[PDB]
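First, one chain by itself: the form deposited in one PDB entry, in structure tokens.
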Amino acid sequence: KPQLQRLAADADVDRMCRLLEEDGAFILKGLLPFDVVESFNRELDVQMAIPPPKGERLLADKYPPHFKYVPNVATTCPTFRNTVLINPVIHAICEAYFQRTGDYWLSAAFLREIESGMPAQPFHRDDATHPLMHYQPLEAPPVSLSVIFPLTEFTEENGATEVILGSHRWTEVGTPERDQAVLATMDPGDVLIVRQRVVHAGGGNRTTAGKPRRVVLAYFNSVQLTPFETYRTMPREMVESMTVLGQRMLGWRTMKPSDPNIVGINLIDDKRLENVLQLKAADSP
């Protein structure tokens, strides 16, 4: 079976862009150094250690108490906010991928941890958070890109993501067989990039030794689509410590869909949002 291509960080962007249209997915090998990965893991550990609140939790309250989830990791994990989120290889890919739709930003970035004994996900498309995506035709400009960060090893046994190459060209998901998929086996620091409409499934975790598989999922969307997570409650001090790119990703700046939108989006008083807010940024100068 044709496998997912593993590319070094210096790989050609045109090539990556074409990989996404032909195969629908690929892996960037060793993008994040191990020190970044381990700093990110420790920040995430802090969040998972927090005793559960007394109040409502929108997603978590639907699941049993052993559910492992960290929402909107950019507000609590400085390593993601300052290093992972603004990786220039990721954004080179995004800019080439989103060329026909225009600007993109971060819709969500969150931790999942899959424990030993968990079954695999059903095969699906990532068209549920913004259901209108389910009706976009294949040839329309893509509005969503999935970026999957393994924070432990992804192996065959512990549930490496199952991806069916070319499946973004299918009419429906149907009920595909597992052996039609290939495995995104990976080391921490690798990155898996998945095109809109590609049929895939988390592999669960069939190990029995008690070692959980840890994944951070980041969804970059056209700025036409409302971010699932809103970063508007970030303190000004935190917002201003980020770079312009980071501020743009977290919804703090006016953005531009492609023509025929010739004005922009996410603005106020006919001015750019960062101007009305007098937003400073770390790399303004």
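Just count from 1 along the sequence shown to find any residue number. Just so we're on the same page, rigid core means the largest C-alpha set that superposes within 1.5 Å between forms.
The protein also exists as the form deposited in another entry; that form is not presented, and the subsequent description refers to it.
Relative to the superposed core, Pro64 undergoes a C-alpha shift of no less than 2 Å between this form and the one not shown. After superposition on the rigid core, the Cα of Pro52 moves by 2 Å or more between this form and the one not shown. Legend note: Cα of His66 to Cα of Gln47 is at least 3 Å farther in the other entry than in the depicted form.
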